[PDB]
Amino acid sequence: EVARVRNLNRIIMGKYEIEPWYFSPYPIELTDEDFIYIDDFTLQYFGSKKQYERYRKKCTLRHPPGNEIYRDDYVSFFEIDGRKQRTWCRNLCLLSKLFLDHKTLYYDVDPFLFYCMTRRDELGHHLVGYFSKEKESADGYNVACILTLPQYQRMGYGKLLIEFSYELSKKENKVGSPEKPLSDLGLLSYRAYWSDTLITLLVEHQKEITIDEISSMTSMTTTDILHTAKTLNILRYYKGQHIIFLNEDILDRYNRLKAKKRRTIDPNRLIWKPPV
């Protein structure tokens, strides 16, 4: 007799069978099986397909449990107060930890707001990703953690999440930046976003733009703007202050960007007021 004591090697979420990148503290018994079921609406975990099915039949809403503060023909965003949806948010944090090297104690969700993005199609809502945000951040971080579910990665969803986080900051009349340190995956996504943003501004708004003007338009911090401008070699001094400027390289990058036919966030569709 050999008694197997297995690690969690796969989660079953709808039709997807996903392998974790890191360990996550699901409060489950270790057994001779190496899978659990994750319900794609409730995020509840189950050791058995039968227990999962039983709960699946129950009458539940088919989208994240919060206020829909943005809705276009491609995506919705739901704003959730961790304190008001403890169970669901804990479940979200356990799922997220499978794909992060480190993360704060999953159980304590009260200090956070969660902004969860769904794609909608003929079958309704499907959660594709989220970012959390501290209700009160000493450092003015506008994102605490950010995740695109692995089955949906590299489809442009992460960039939509980041863009949305800056629309919140703009509505708040504040600059902001993601919490440090960032994973390599996160930092490379932010650098691409920051780069695409400056490039788009230079072609669509004005050929020369000051640091203050960029900050006002984007809610990016001075530090992130300067780092990005130096990487693109577009930092100059004109009319007594620092600017970024348009050149052939930037025009070329812009046209390649547009060629990709990506979706973006429409600021006009954000129906939201800061807490005051």
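Residue indices: 1-based, along the sequence shown.
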* Asked: Taking the recorded C-alpha temperature factors, which stretch has the higher mean, 162-170 or 149-157?
  -> 149-157
* 224-232 versus 43-51 - which carries the larger mean C-alpha B factor in the record -> 43-51
* Going by the entry, which of 191, 125, 97, 135 has the most elevated CA B factor? -> 125
* Asked: Among 246, 69, 243, 38, which carries the highest Cα B-factor?
  -> 246
* To do: Relative to the other modelled residues of the same chain, rank the CA B-factor of residue 216 and answer lowest, middle or highest third.
  => middle
* To do: Could you look up the Cα B-factor of residue 176 in the entry and say which third of the chain it sits in: lowest, middle or highest?
  => lowest
* Once the chain's modelled residues are ordered by C-alpha B factor and cut into thirds, is residue 79 in the lowest, middle or highest one? -> lowest
* C-alpha B factor of residue 23, ranked within the chain: lowest, middle or highest third? -> middle
* Asked: Hey, what third does residue 206 fall into on Cα B-factor, ranked over its chain?
  -> highest
